[PDB]
Amino acid sequence: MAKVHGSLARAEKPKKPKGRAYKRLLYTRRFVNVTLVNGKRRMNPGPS
Amino acid sequence: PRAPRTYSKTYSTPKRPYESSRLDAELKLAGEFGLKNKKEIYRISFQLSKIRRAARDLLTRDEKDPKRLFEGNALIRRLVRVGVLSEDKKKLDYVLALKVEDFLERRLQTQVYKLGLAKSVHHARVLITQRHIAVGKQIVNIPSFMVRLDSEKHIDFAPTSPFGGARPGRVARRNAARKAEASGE
Amino acid sequence: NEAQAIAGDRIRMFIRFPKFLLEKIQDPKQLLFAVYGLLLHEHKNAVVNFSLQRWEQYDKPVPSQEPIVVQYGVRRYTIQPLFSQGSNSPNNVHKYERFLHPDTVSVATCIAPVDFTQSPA
Amino acid sequence: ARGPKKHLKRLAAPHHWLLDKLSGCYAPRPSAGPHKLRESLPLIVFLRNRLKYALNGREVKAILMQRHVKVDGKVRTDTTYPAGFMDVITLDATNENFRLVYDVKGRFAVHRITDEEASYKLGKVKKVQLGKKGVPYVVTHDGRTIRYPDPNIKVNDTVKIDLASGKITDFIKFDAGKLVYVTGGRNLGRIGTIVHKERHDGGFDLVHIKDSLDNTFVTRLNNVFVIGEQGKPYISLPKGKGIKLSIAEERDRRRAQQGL
Amino acid sequence: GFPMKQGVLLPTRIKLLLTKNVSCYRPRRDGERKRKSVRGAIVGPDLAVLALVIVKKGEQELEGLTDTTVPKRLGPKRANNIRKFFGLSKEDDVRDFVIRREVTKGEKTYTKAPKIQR
Amino acid sequence: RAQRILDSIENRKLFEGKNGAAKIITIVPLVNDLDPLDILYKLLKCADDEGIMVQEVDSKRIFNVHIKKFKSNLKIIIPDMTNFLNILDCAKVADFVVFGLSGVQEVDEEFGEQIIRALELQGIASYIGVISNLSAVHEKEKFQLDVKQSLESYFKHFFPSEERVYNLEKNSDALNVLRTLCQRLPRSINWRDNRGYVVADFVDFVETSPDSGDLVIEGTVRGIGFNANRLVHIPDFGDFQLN
Amino acid sequence: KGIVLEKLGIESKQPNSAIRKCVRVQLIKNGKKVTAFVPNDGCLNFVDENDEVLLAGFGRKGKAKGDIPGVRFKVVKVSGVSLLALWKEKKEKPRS
Amino acid sequence: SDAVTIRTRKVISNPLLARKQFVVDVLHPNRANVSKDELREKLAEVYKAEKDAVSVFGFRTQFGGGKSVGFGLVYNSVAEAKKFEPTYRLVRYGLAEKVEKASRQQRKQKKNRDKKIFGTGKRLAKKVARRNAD
RNA sequence: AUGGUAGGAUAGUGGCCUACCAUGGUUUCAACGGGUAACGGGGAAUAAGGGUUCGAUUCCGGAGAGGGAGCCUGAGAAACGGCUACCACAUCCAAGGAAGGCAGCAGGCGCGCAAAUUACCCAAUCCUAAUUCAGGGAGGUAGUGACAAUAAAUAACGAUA
RNA sequence: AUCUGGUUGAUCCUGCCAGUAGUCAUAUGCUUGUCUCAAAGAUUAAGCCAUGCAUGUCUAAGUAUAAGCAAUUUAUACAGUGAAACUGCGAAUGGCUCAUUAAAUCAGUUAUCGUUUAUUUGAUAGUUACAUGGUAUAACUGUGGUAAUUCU
Ligand SMILES: [Mg+2]
Ligand SMILES: [Mg+2]
Ligand SMILES: [Mg+2]
Ligand SMILES: [Mg+2]
Ligand SMILES: [Mg+2]
Ligand SMILES: [Mg+2]
Ligand SMILES: [Mg+2]
Ligand SMILES: [Mg+2]
Ligand SMILES: [Mg+2]
Ligand SMILES: [Mg+2]
Ligand SMILES: [Mg+2]
Ligand SMILES: [Mg+2]
Ligand SMILES: [Mg+2]
Ligand SMILES: [Mg+2]
Ligand SMILES: [Mg+2]
Ligand SMILES: [Mg+2]
Ligand SMILES: [Mg+2]
Ligand SMILES: [Mg+2]
Ligand SMILES: [Mg+2]
Ligand SMILES: [Mg+2]
Ligand SMILES: [Mg+2]
Ligand SMILES: [Mg+2]
């Protein structure tokens, strides 16, 4: 909320890769590991 | 009061924001030649649109006027200097048939990986951007290099780089110092 | 309208004041002496209302019957305020809640001296 | 404005001077002198951009104090003196001479000149009148008003001027079939032979010049400078020899130079 | 502090547009006129200082006026001004008769001489 | 624009800095380890008046400083740090609230945060944020601008009307903040400027009866004004009636 | 930029009953009065009375069969503080 | 494993200034830029002149390292070096001292203060001396 | 007002002005008048083509230095970092008097949704002069700066299972 | 060189609204690591400005008795440098802004056999005490004035 004043750079779920590695993760999500759901392309599946 | 420094855009956004086939096509390209954005596809499509506009307003006029042979052979000489257009296809019609992949495999991003200097395409991305692999005598940290033909048979690791010789890096001599003081104690 | 002295004037101001409270005053160059006027019937009591929003990182409970001093304006007054929700009614009745609502802005009416400028509390 | 201007910004310089556009804000404005402002060359471009013998604007001036650079036999110490067309430029410490004649692409060209050919300079006669005390005087194109010429001189003829005395040596009659330099305009740089002169009344006169590679062009009579008769010029022509080339055969020349 | 201009005849102050080659004004730019006030040449009760010049010597001497005498600072500098100052002939050389000023500095006593002109 | 420059001037002729002006400055620092007289020192070293400080050292807390550099009359209020309600009383009357900050120690989440929130919710006019420990960090200025940006990011979180935390160690920035505290029109807090208020410089007493007498207050009236019939509240004393 | 005036509890029936929590705002530069929508607040505890605001455009189509009104203006800033930072509880507001 | 190799590029003889000018190219493997002092005293015996008579400036180290391109000068004697060089390079070489003058603001202020008076001014000095003596 | 003469005046032609004459000149092919939040142009944005909408602003040309007018000097000014008067602002005053135009560079107030530093320097680009040398907020450097524009870090490998 | 949702029980049209993309076009919100480059009080107030600066200039070569310096090695007319001042020149360029202006400015294109032109460049003048006339003044010395001016 209010950040503590020690934000001087000079002198929980695991984090999520960014940049090129995120494009790697989307490629291997969609096309390397194709999830065959009911004959269609279901992104974000629930309990089914 | 100066000459204003000229500046121009280089990418061009698509007209429709959301369609599935075009999005899947860029994500296939960006996963398989190892890019980081869609902007590296938008720039290449804008360059393709520029060379196709040049070929189109070349092609509508009469043959054997010297403007046509001048601009056309200069354009296709520049395109065969990169190697986007192959040597058997030397007509202005076959420039107009060319596509995005044919610009896109001539990056340094790709022809480090195709030349056997990296294990992955993103391993080629990391071994360019961390100042390791030089085009002859020039260190680059740039994957968008558009490798020429005569510069293709000069690409190896940099003399400054640990893979190309010299002393090792900071992590290696740091751990060498760690086992050095471990063996000393 | 009938302001006798407009602002920005050096004024000599005289106050009817009991003798026994003269020990509690201080030096005017060591401590401030703020002088605030009040409006018509401001000393007169009424039933009034206050809005109420709890401060952040404050999870300690308040019920509707404990002494709580309100700082609205310059006067401070100890009160045991009634807590409720500000939902508008055709017959102007409201639900008395026993404690403060931890989520939204509640409302707090009580018997207190009136303030005719909508000062924050 | 309210009087004469005294500056010249970089973007409004003449393009054939070939100044940089990001070195600064201003161009050298030439001062007043022999030639017109747009078709001249001060000494600072000639000693900094086209010869590299100085670096700054102060080091070219540090040339021009030491009485080294001579223009038309006399020393000129102004940095912005418009040494225009056809004059000789003398460097005594490099003991070699320079002539300002155009290149084939419409700009000024460097030219190596011997000591004998630096002794004279040709001049297009701009106007002939009858001056004070009834004398004739001929105004050649760089502002020299030579008194007392030959009687047979007319307008647009070219006189060879001996530089030491400032007199007239010999002239060339403005007839057909003569070697003609082109002075300015878009089609600048060529030499050639006049086909015929096209006379027009009350306007501009045109002239058809066919070069050694049999190409005929038309320029106005203002932009015509006579060199001589067929094949024997009175000056020594720059490299490329006053023929322009089409751009495709120009790079065909330019790819025919490499042999490593 | 406003001086009296010779010529204006009124015992009051009148603003004038003063010019180059007159008194009470110095043109800062070339050909410059400014509307300055100036007081008249008629003497009234408003004058803090009135300035006088001796024309005729009276009987009684004055201390700071008759007794004290300052010499002239600069000698003549044209050759004919030397000649008319000393009453010389046309054949007489001006070189010997120039006025030399002796200036002392430290231990060395050195004399100056004006550069003659014409 | 004629009438609008007319009433802008008529709003600005309350601050005739020769005789009829009164500007109230309250300087509060947000950490335990600051002295506000050092902030007063660093601000008025750009006005170049030693003798006012030579008067101001010995034992005085409320000052009436006149400046000839900008021709404005100032009155500067220091708070007592042992009472929170005293700091509330300082900043609820002041036309300028100045927040002192430390470049060494981070501000307290148990003291200075609630100072910021309580003054923020009680109502603030035009405010100044400023630093004084920026010389106490490492003397290379490249380390100091990162500290300055950290103070800017902290002070933007509760005061988004301003974006720059200013420095007293810079003389020109001291001139800038002195210029802003002299010239700028402070914004009006609606509840206090609709009843009229006097800050008092001299208090005296006149005996009338043995049980009650007459206070004497010499001050400058600020707000909508005072009428002789309406009642007047005194903090920590209550409501009294006028004579 | 504007200075707020009142609290407008307009009821607007068909088809959706919008409990309109919107503020009448007097502008600064011209001296005429427009209504103004306050976004994203369930309570409108932020834009209090006589607090200066900044209005922006809003192209809402008012309807005919429910007599719902034409309110063209939305608030992007209150007291110099953005309303989107206040609704996300990122920054704070000087109530003045 | 360092070898400081100094190769002079595009040498022209410039008799108008009694100098010669050339671009200086340096291959310096495993070396972090050759000093102007070391390269100056290295060009000195190569061009057979004195160390105080030759000048270098404008070095841009190439990307990647091991390479630097500048612009070098050699004068025939030291008198041409103290005559024809700019004064800042003669400051840089220890051949001339930086004249300690005040900055631009109080130079302009002293010019506008000395423009304020007319004449020598010591007449005004004895004038104001007897005025505050009064 | 359009033209004819003759003169004046100008640096000069010219109703530019004065005398004496004629009654003419423009216009539905848009004159005359009104509006423009209208400096003009090179250009910018967006377009298959045809267009549409801006152009105060890095270059060229114009006008102005709070609004008008008048003029000395000079080759060149109806100059404003020159003067004179009036109109409106407005400074110091010891009350008598005296000086002012930042739409130059910073900077301040006001205004608005809307726009930076009272820094360094002639070393570059060039300009002025009696002229190497002095001067130049013209200009260059640096600071503030998510107006825009180009390139691109946020990870890459193995081995186990 | 592309369209798409919204009238109706359902359909085909006409029609606009809304969605879409760009703006080297402005403002604002959230966020912000790098390298180069770079606009920046135009819009509204061509409204008001504190203060500081922005125009001054000297060569072997116009005028030096600075009662300035350096003394110094030929220099009793001077001769080195040189504050001030006279004289010559510039200050009419640059910089800023866009208020007025709709055959006005301007763009391209002519003309001056209809004119003025410091400067530069080239020519141009045996015809009117001469071992070279005269006079003012500044700078300087001294006396002054007023609260105050680049006053005198
Ligand atoms: Mg101009
Ligand atoms: Mg042409
Ligand atoms: Mg006539
Ligand atoms: Mg008449
Ligand atoms: Mg306009
Ligand atoms: Mg424009
Ligand atoms: Mg405008
Ligand atoms: Mg601008
Ligand atoms: Mg003008
Ligand atoms: Mg103004
Ligand atoms: Mg002049
Ligand atoms: Mg004027
Ligand atoms: Mg001007
Ligand atoms: Mg001005
Ligand atoms: Mg300005
Ligand atoms: Mg500038
Ligand atoms: Mg200079
Ligand atoms: Mg950007
Ligand atoms: Mg739409
Ligand atoms: Mg404006
Ligand atoms: Mg001398
Ligand atoms: Mg001449």
# chains A, B, ... in the order shown; residues from 1 in each chain; ligands from 1
$ interface_residues --of "chain D" --to "chain I" --cutoff "7 Å" --atoms "only C-alpha atoms (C1' of nucleotides)" --output "ChimeraX atom specification"
/D:2-3,7,11-12,23-28,62
$ select_by_dssp --residues "chain A" --states "alpha helix (DSSP H)" --output "PyMOL selection string"
chain A and resi 20-27
$ residues_near_ligand --ligand "ligand 3" --cutoff "9 Å" --atoms "only C-alpha atoms (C1' of nucleotides) and all ligand atoms" --output "list in words"
residues 5, 6 and 7 of chain I
$ write_last_selection --atoms "C-alpha atoms (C1' of nucleotides)" --output "PDB file, in the first residue's frame"
ATOM      1  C1'   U I   5      -3.341  67.536 -68.670  1.00  0.00           C
ATOM      2  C1'   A I   6       0.172  70.871 -65.834  1.00  0.00           C
ATOM      3  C1'   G I   7       2.829  71.298 -61.330  1.00  0.00           C
TER       4        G I   7
END
$ residues_near_ligand --ligand "ligand 4" --cutoff "9 Å" --atoms "only C-alpha atoms (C1' of nucleotides) and all ligand atoms" --output "list in words"
residues 15, 17, 18, 19 and 20 of chain I
$ atom_distance --atom1 "atom CA of residue 169 of chain B" --atom2 "atom CA of residue 113 of chain B"
22.5 Å
$ residues_near_ligand --ligand "ligand 11" --cutoff "12 Å" --atoms "only C-alpha atoms (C1' of nucleotides) and all ligand atoms" --output "number ranges by chain"
D: 3; E: 29-30; I: 73-77, 128-129; J: 88-92, 118-119
$ residues_around --residues "residue 96 of chain J" --least-positions-apart "3" --cutoff "10 Å" --atoms "only C-alpha atoms (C1' of nucleotides)" --output "PyMOL selection string"
chain I and resi 65+103-104
$ write_last_selection --atoms "N, CA and C atoms (P, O5', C5', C4', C3', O3' and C1' of nucleotides)" --output "PDB file, in the first residue's frame"
ATOM      1  P     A I  65       6.460  48.333 -33.514  1.00  0.00           P
ATOM      2  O5'   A I  65       6.844  47.651 -32.141  1.00  0.00           O
ATOM      3  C5'   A I  65       5.907  47.616 -31.077  1.00  0.00           C
ATOM      4  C4'   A I  65       6.252  46.557 -30.065  1.00  0.00           C
ATOM      5  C3'   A I  65       7.254  46.974 -29.000  1.00  0.00           C
ATOM      6  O3'   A I  65       6.965  46.249 -27.816  1.00  0.00           O
ATOM      7  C1'   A I  65       8.124  45.172 -30.218  1.00  0.00           C
ATOM      8  P     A I 103       7.833  38.721 -23.312  1.00  0.00           P
ATOM      9  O5'   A I 103       8.106  37.588 -24.392  1.00  0.00           O
ATOM     10  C5'   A I 103       7.104  37.230 -25.325  1.00  0.00           C
ATOM     11  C4'   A I 103       7.528  37.488 -26.748  1.00  0.00           C
ATOM     12  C3'   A I 103       8.395  38.717 -26.995  1.00  0.00           C
ATOM     13  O3'   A I 103       9.767  38.418 -26.807  1.00  0.00           O
ATOM     14  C1'   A I 103       6.596  38.680 -28.530  1.00  0.00           C
ATOM     15  P     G I 104      10.912  39.547 -26.707  1.00  0.00           P
ATOM     16  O5'   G I 104      12.126  38.871 -27.466  1.00  0.00           O
ATOM     17  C5'   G I 104      12.435  37.515 -27.200  1.00  0.00           C
ATOM     18  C4'   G I 104      13.874  37.195 -27.492  1.00  0.00           C
ATOM     19  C3'   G I 104      14.530  36.276 -26.479  1.00  0.00           C
ATOM     20  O3'   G I 104      14.356  34.914 -26.806  1.00  0.00           O
ATOM     21  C1'   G I 104      15.840  38.205 -26.748  1.00  0.00           C
TER      22        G I 104
END
$ closest_atom_pairs --of "chain I" --to "chain H" --cutoff "9 Å" --atoms "only C-alpha atoms (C1' of nucleotides)" --output "JSON lines"
{"residue": "I:120", "atom": "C1'", "partner": "H:104", "partner_atom": "CA", "distance": 8.5}
{"residue": "I:121", "atom": "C1'", "partner": "H:104", "partner_atom": "CA", "distance": 8.0}
{"residue": "I:123", "atom": "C1'", "partner": "H:88", "partner_atom": "CA", "distance": 7.8}
$ write_last_selection --atoms "N, CA, C and O atoms (P, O5', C5', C4', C3', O3' and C1' of nucleotides)" --output "PDB file, in the first residue's frame"
ATOM      1  P     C I 120      27.277  30.237 -14.592  1.00  0.00           P
ATOM      2  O5'   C I 120      28.087  29.215 -15.500  1.00  0.00           O
ATOM      3  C5'   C I 120      29.036  28.324 -14.933  1.00  0.00           C
ATOM      4  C4'   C I 120      29.659  27.448 -15.988  1.00  0.00           C
ATOM      5  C3'   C I 120      30.343  28.186 -17.122  1.00  0.00           C
ATOM      6  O3'   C I 120      31.655  28.589 -16.801  1.00  0.00           O
ATOM      7  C1'   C I 120      28.956  26.493 -18.008  1.00  0.00           C
ATOM      8  P     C I 121      32.209  29.980 -17.357  1.00  0.00           P
ATOM      9  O5'   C I 121      32.377  29.733 -18.917  1.00  0.00           O
ATOM     10  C5'   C I 121      33.396  28.872 -19.397  1.00  0.00           C
ATOM     11  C4'   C I 121      33.267  28.604 -20.873  1.00  0.00           C
ATOM     12  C3'   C I 121      33.362  29.810 -21.780  1.00  0.00           C
ATOM     13  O3'   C I 121      34.699  30.211 -22.005  1.00  0.00           O
ATOM     14  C1'   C I 121      31.602  28.384 -22.488  1.00  0.00           C
ATOM     15  P     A I 123      37.835  29.852 -27.170  1.00  0.00           P
ATOM     16  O5'   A I 123      38.135  28.620 -28.123  1.00  0.00           O
ATOM     17  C5'   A I 123      38.791  27.469 -27.622  1.00  0.00           C
ATOM     18  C4'   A I 123      38.146  26.211 -28.137  1.00  0.00           C
ATOM     19  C3'   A I 123      37.341  26.365 -29.407  1.00  0.00           C
ATOM     20  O3'   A I 123      38.173  26.331 -30.546  1.00  0.00           O
ATOM     21  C1'   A I 123      36.150  25.040 -27.839  1.00  0.00           C
TER      22        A I 123
END
$ residues_near_ligand --ligand "ligand 5" --cutoff "7 Å" --atoms "only C-alpha atoms (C1' of nucleotides) and all ligand atoms" --output "list in words"
residues 38 of chain I; 98 and 99 of chain J
$ residues_near_ligand --ligand "ligand 7" --cutoff "7 Å" --atoms "only C-alpha atoms (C1' of nucleotides) and all ligand atoms" --output "count of residues only"
4
$ select_by_dssp --residues "segment 54-212 of chain D" --states "strand (DSSP E or B)" --output "ChimeraX atom specification"
/D:69-71,74-75,88-91,96-99,101-102,108-109,112-113,120-130,136-140,145-147,158-162,167-172,179-182,193-198,206-210
$ write_last_selection --atoms "C-alpha atoms" --output "tab-separated table (two decimals), in the first residue's frame"
chain	number	residue	atom	x	y	z
D	69	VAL	CA	46.67	32.04	-50.49
D	70	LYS	CA	46.71	34.26	-53.56
D	71	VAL	CA	43.65	34.74	-55.75
D	74	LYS	CA	47.00	39.17	-55.36
D	75	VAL	CA	46.76	38.13	-51.73
D	88	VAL	CA	43.40	30.80	-60.31
D	89	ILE	CA	44.23	30.02	-56.68
D	90	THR	CA	47.91	30.06	-55.74
D	91	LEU	CA	49.50	28.17	-52.86
D	96	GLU	CA	51.32	24.57	-56.90
D	97	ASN	CA	48.23	26.26	-58.32
D	98	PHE	CA	44.50	25.64	-58.34
D	99	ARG	CA	41.79	26.42	-60.90
D	101	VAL	CA	36.15	24.86	-62.80
D	102	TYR	CA	33.02	22.78	-62.41
D	108	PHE	CA	33.16	22.84	-58.01
D	109	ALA	CA	36.12	20.62	-58.79
D	112	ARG	CA	46.04	20.68	-60.61
D	113	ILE	CA	47.57	23.52	-62.64
D	120	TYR	CA	46.36	33.53	-67.57
D	121	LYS	CA	42.63	33.30	-66.98
D	122	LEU	CA	39.84	33.52	-69.53
D	123	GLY	CA	36.84	35.80	-69.23
D	124	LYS	CA	33.34	36.01	-70.72
D	125	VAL	CA	32.59	39.57	-71.79
D	126	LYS	CA	29.40	40.65	-70.06
D	127	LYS	CA	28.89	44.13	-71.50
D	128	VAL	CA	30.65	46.56	-73.82
D	129	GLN	CA	29.91	50.26	-73.53
D	130	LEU	CA	31.53	53.59	-74.31
D	136	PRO	CA	35.48	51.83	-74.60
D	137	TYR	CA	35.67	49.45	-71.69
D	138	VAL	CA	34.68	45.80	-71.50
D	139	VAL	CA	33.19	44.29	-68.36
D	140	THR	CA	34.16	40.66	-68.10
D	145	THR	CA	36.36	46.55	-66.31
D	146	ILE	CA	39.23	46.38	-68.79
D	147	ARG	CA	39.63	49.63	-70.66
D	158	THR	CA	35.68	35.43	-74.25
D	159	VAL	CA	38.98	37.23	-73.64
D	160	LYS	CA	42.15	35.72	-72.25
D	161	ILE	CA	43.49	38.07	-69.57
D	162	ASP	CA	47.15	38.26	-68.64
D	167	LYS	CA	45.31	43.45	-70.13
D	168	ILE	CA	43.65	41.51	-72.96
D	169	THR	CA	45.68	38.91	-74.85
D	170	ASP	CA	43.31	37.38	-77.41
D	171	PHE	CA	39.60	36.90	-77.94
D	172	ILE	CA	37.30	34.27	-79.42
D	179	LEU	CA	33.99	24.71	-77.66
D	180	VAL	CA	31.56	25.93	-75.01
D	181	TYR	CA	31.50	25.38	-71.26
D	182	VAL	CA	28.14	25.56	-69.54
D	193	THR	CA	30.26	22.18	-79.73
D	194	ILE	CA	27.54	24.68	-80.66
D	195	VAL	CA	25.14	23.42	-83.30
D	196	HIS	CA	23.49	26.81	-83.84
D	197	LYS	CA	22.31	29.78	-81.81
D	198	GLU	CA	18.54	30.16	-81.58
D	206	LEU	CA	18.68	29.51	-76.48
D	207	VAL	CA	21.59	27.57	-77.96
D	208	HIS	CA	21.94	23.94	-79.03
D	209	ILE	CA	25.22	22.32	-77.98
D	210	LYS	CA	26.23	18.87	-79.18
$ residues_near_ligand --ligand "ligand 6" --cutoff "8 Å" --atoms "only C-alpha atoms (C1' of nucleotides) and all ligand atoms" --output "MDAnalysis selection string"
chainID I and resid 39:40 55:57
$ interface_residues --of "chain J" --to "chain E" --cutoff "8 Å" --atoms "only C-alpha atoms (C1' of nucleotides)" --output "PyMOL selection string"
chain J and resi 65+67+76-78+132+141+144-146+152
$ residues_around --residues "residue 109 of chain I" --least-positions-apart "3" --cutoff "9 Å" --atoms "only C-alpha atoms (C1' of nucleotides)" --output "NGL selection string"
(:F and (183-184)) or (:J and (48-49))
$ write_last_selection --atoms "N, CA and C atoms (P, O5', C5', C4', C3', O3' and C1' of nucleotides)" --output "PDB file, in the first residue's frame"
ATOM      1  N   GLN F 183       5.515  34.266  -2.424  1.00  0.00           N
ATOM      2  CA  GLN F 183       4.677  34.858  -3.462  1.00  0.00           C
ATOM      3  C   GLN F 183       3.366  34.123  -3.706  1.00  0.00           C
ATOM      4  N   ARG F 184       3.337  32.812  -3.505  1.00  0.00           N
ATOM      5  CA  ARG F 184       2.239  31.997  -4.003  1.00  0.00           C
ATOM      6  C   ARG F 184       0.989  32.140  -3.149  1.00  0.00           C
TER       7      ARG F 184
ATOM      8  P     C J  48       1.168  43.953 -21.492  1.00  0.00           P
ATOM      9  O5'   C J  48       1.507  43.848 -19.942  1.00  0.00           O
ATOM     10  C5'   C J  48       0.757  44.576 -18.985  1.00  0.00           C
ATOM     11  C4'   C J  48       1.147  44.203 -17.580  1.00  0.00           C
ATOM     12  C3'   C J  48       2.618  44.325 -17.247  1.00  0.00           C
ATOM     13  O3'   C J  48       3.060  45.651 -17.038  1.00  0.00           O
ATOM     14  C1'   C J  48       1.803  42.276 -16.416  1.00  0.00           C
ATOM     15  P     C J  49       4.454  46.120 -17.679  1.00  0.00           P
ATOM     16  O5'   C J  49       5.420  44.888 -17.422  1.00  0.00           O
ATOM     17  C5'   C J  49       6.733  45.084 -16.930  1.00  0.00           C
ATOM     18  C4'   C J  49       7.006  44.208 -15.735  1.00  0.00           C
ATOM     19  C3'   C J  49       8.468  43.932 -15.440  1.00  0.00           C
ATOM     20  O3'   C J  49       9.069  44.973 -14.688  1.00  0.00           O
ATOM     21  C1'   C J  49       7.230  41.908 -15.344  1.00  0.00           C
TER      22        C J  49
END
$ interface_residues --of "chain J" --to "chain G" --cutoff "10 Å" --atoms "only C-alpha atoms (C1' of nucleotides)" --output "PDB file with C-alpha atoms (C1' of nucleotides), in the first residue's frame"
ATOM      1  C1'   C J  17     -25.132   5.028 -33.668  1.00  0.00           C
ATOM      2  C1'   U J  28      -4.053  13.146 -18.531  1.00  0.00           C
ATOM      3  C1'   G J  29      -3.854   8.285 -15.699  1.00  0.00           C
ATOM      4  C1'   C J  30      -0.917   3.798 -14.095  1.00  0.00           C
ATOM      5  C1'   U J  44      -5.757  31.070 -23.216  1.00  0.00           C
TER       6        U J  44
END
$ interface_residues --of "chain H" --to "chain B" --cutoff "9 Å" --atoms "only C-alpha atoms" --output "PyMOL selection string"
chain H and resi 30+62-65
$ write_last_selection --atoms "C-alpha atoms" --output "CSV table (one decimal), in the first residue's frame"
chain,number,residue,atom,x,y,z
H,30,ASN,CA,43.9,-6.9,-24.0
H,62,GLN,CA,35.7,1.1,-31.3
H,63,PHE,CA,32.9,-1.2,-30.0
H,64,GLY,CA,34.2,-4.5,-28.7
H,65,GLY,CA,37.5,-3.2,-27.7
$ residues_near_ligand --ligand "ligand 2" --cutoff "8 Å" --atoms "only C-alpha atoms (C1' of nucleotides) and all ligand atoms" --output "ChimeraX atom specification"
/D:184-186
$ decode --residues "segment 20-27 of chain A" --atoms "N, CA, C and O atoms" --output "mmCIF file, in the first residue's frame"
data_model
loop_
_atom_site.group_PDB
_atom_site.id
_atom_site.type_symbol
_atom_site.label_atom_id
_atom_site.label_comp_id
_atom_site.auth_asym_id
_atom_site.auth_seq_id
_atom_site.Cartn_x
_atom_site.Cartn_y
_atom_site.Cartn_z
ATOM 1 N N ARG A 20 11.396 -12.906 -23.509
ATOM 2 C CA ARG A 20 11.474 -13.945 -24.528
ATOM 3 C C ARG A 20 11.046 -15.299 -23.974
ATOM 4 O O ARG A 20 10.425 -16.106 -24.682
ATOM 5 N N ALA A 21 11.338 -15.545 -22.696
ATOM 6 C CA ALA A 21 11.003 -16.821 -22.078
ATOM 7 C C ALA A 21 9.505 -16.990 -21.908
ATOM 8 O O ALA A 21 9.004 -18.118 -21.897
ATOM 9 N N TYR A 22 8.774 -15.883 -21.809
ATOM 10 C CA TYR A 22 7.321 -15.957 -21.774
ATOM 11 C C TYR A 22 6.772 -16.361 -23.129
ATOM 12 O O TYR A 22 5.776 -17.085 -23.211
ATOM 13 N N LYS A 23 7.435 -15.936 -24.204
ATOM 14 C CA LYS A 23 7.025 -16.365 -25.533
ATOM 15 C C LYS A 23 7.344 -17.838 -25.758
ATOM 16 O O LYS A 23 6.577 -18.551 -26.418
ATOM 17 N N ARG A 24 8.470 -18.303 -25.195
ATOM 18 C CA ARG A 24 8.760 -19.738 -25.113
ATOM 19 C C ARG A 24 7.657 -20.504 -24.387
ATOM 20 O O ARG A 24 7.198 -21.549 -24.871
ATOM 21 N N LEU A 25 7.198 -19.976 -23.248
ATOM 22 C CA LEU A 25 6.193 -20.666 -22.445
ATOM 23 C C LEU A 25 4.841 -20.692 -23.157
ATOM 24 O O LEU A 25 4.125 -21.698 -23.099
ATOM 25 N N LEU A 26 4.506 -19.627 -23.887
ATOM 26 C CA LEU A 26 3.285 -19.646 -24.693
ATOM 27 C C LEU A 26 3.377 -20.588 -25.880
ATOM 28 O O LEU A 26 2.370 -21.227 -26.219
ATOM 29 N N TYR A 27 4.552 -20.692 -26.511
ATOM 30 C CA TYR A 27 4.721 -21.629 -27.619
ATOM 31 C C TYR A 27 4.573 -23.065 -27.130
ATOM 32 O O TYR A 27 3.874 -23.874 -27.752
#
